[PDB]
Amino acid sequence: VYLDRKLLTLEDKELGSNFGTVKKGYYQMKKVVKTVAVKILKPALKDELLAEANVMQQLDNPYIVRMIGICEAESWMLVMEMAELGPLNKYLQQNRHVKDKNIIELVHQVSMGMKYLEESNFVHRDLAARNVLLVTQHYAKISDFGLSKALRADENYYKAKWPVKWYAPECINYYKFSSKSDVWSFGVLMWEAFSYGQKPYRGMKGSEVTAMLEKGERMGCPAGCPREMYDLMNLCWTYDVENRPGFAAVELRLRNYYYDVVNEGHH
Ligand SMILES: CCN(CCO)c1ccc(Nc2ncc(-c3cccc(O)c3)n3ccnc23)cc1
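Criteria and cut-off values
- Residues numbered from 1 in each chain as written, not as in the entry; some residues may be left out.
- Heavy atoms only, no water.
- Near = heavy atom within 4 Å.
- Polar contact = N/O pair within 3.5 Å; in protein donor to acceptor, adjacent residues only side chain to side chain.
- Areas by Shrake-Rupley, 256 points an atom, 1.4 Å probe, with all protein chains shown as cover.
- Helix = DSSP H or I, 4+ residues; strand = E, 2+ residues; numbered from the N terminus.
- Nonpolar A, V, L, I, M, F, W, Y, C, P; charged D, E, K, R; others polar.
- Domains from an automatic or database assignment.
- Contact = heavy atoms within 4.5 Å.
- Buried area = accessible area lost by both parts, 1.4 Å probe.
- Salt bridge = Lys/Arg side-chain N within 4 Å of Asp/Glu carboxyl O.
- UniProt positions renumbered as here; feature names shortened; annotations may be inferred.
- Patch = residues over 30% accessible without salt bridge, like charges linked within 9 Å, V, L, I, M, F, W, Y side chains within 5 Å.

Regarding how it was determined, this PDB entry cites X-ray crystallography in its header, along with a resolution of 2.318 Å.

Below, the structure is given as structure tokens:
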């Protein structure tokens, strides 16, 4: 969990930019050298980082970004495995050629990472296309656990600026975040991915979105999105937390359809 500042090399290039900066570098390991992304800070800003690190520390899954450890030097630094191709939304924005089967593949991988995080009783609270990173065009990993919370053994929700367009009704009305509300965010993620990285509820303020949903209105089918995937989207968008599927039922739906799509190409 604690890293050797001298074993860390940072590039002048800044990958992203709030808290401070995200830079690329390499950590000199046992024998091999590891490409890394490093979250770097500029009191309470420091405590969020530690908490964040502690969450990733506990997570062990192919579809979730892995942390290498932390470092105190010029600033506080959170060192993670590098996801070379970056955020899912921007990739799709710049790569509109990406095939339907390839998107269904990537959203299914995120369902697997989310089914694990559910099993592990963690809430993400920030599940957005921007927070999915690509290892390859066919390998996706969930990132950004700065808003994540480990649920108490006695409760199945955590009681709390907010990414409102990604939030379920219960979150807005009752400040209650559960794995089911991540399922809601997943719906919006599915939409963003089939809309090739376009922002959801275009040009509407949070207030208006809240009103639209309450009316029973949902976002429409993105162009070229299979009916079956839009059904899953709407299902994720079940207003009443109690009747909304968990990521188990969600992932299995995706798994099945993806194999039906894989069967079709071969035919
Ligand atoms: C230049 C932008 N660009 C595309 C290059 O053409 C680009 C941008 C980012 C990345 N890769 C990564 N960016 C940010 C984080 C990160 C940071 C903080 C927290 C956290 O959980 C994760 N990260 C973790 C692992 N890999 C990355 C790769 C390419």
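**Student:** What is the right way to read the site of the ligand from this model?
**Tutor:** Taken together, 13 residues lie around the ligand, and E81, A83, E84, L133 and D144 are the ones closest in. Take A83: an N or O atom from its main chain is 2.9 Å from a nitrogen atom of the ligand. In the environment of the ligand, an oxygen atom lies 3.2 Å from a nitrogen or oxygen atom belonging to the backbone of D144. Burial of the ligand by the protein chains amounts to 70% of its free accessible area of 620 Å². Going through the elements one at a time, β3 (33-41) and β5 (76-81) are the ones with two or more residues in the shell around the ligand. Of the residues belonging to the shell around the ligand, the class tally is seven nonpolar, two polar and four charged. If you count residues domain by domain, the shell around the ligand takes at least three from each of domain 1 (1-82) and domain 2 (83-267).

**Student:** I would appreciate a short explanation of the domain arrangement of the chain in the present structure.
**Tutor:** Domain annotation for the chain reports domain 1 (1-82) and domain 2 (83-267). Counting from both sides, the interface comprises 15 residues of domain 1 and, opposite them, 18 residues of domain 2. Roughly 1500 Å² of surface becomes buried between domain 1 and domain 2 when both sides are summed, with 62% attributable to carbon and sulfur atoms. Ranking the residues of domain 1 by area buried against domain 2 places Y63, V65 and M82 at the top, with a combined share of 39%. Viewed at the interface, domain 2 and domain 1 are joined by one salt bridge. We note a salt bridge from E84 to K24, for which the minimum N-O separation is 3.5 Å. Run the count over domain 1 and domain 2 and you get six residue pairs in polar contact.

**Student:** Honestly, the UniProt feature "active site" in the chain in this entry has me stumped. Any pointers?
**Tutor:** Under the local residue numbering, the UniProt record ascribes the feature "active site" to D126. Mapping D126 onto the fold places it in the loop between β7 (122-123) and β8 (132-136).

**Student:** Sorry if this is basic, but what is going on with a nonpolar patch on the surface here?
**Tutor:** There is a patch of nonpolar side chains on the surface, built from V1, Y2 and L50 and spanning about 300 Å² of accessible area. Here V1 shows up in the segment before β1 (8-16).

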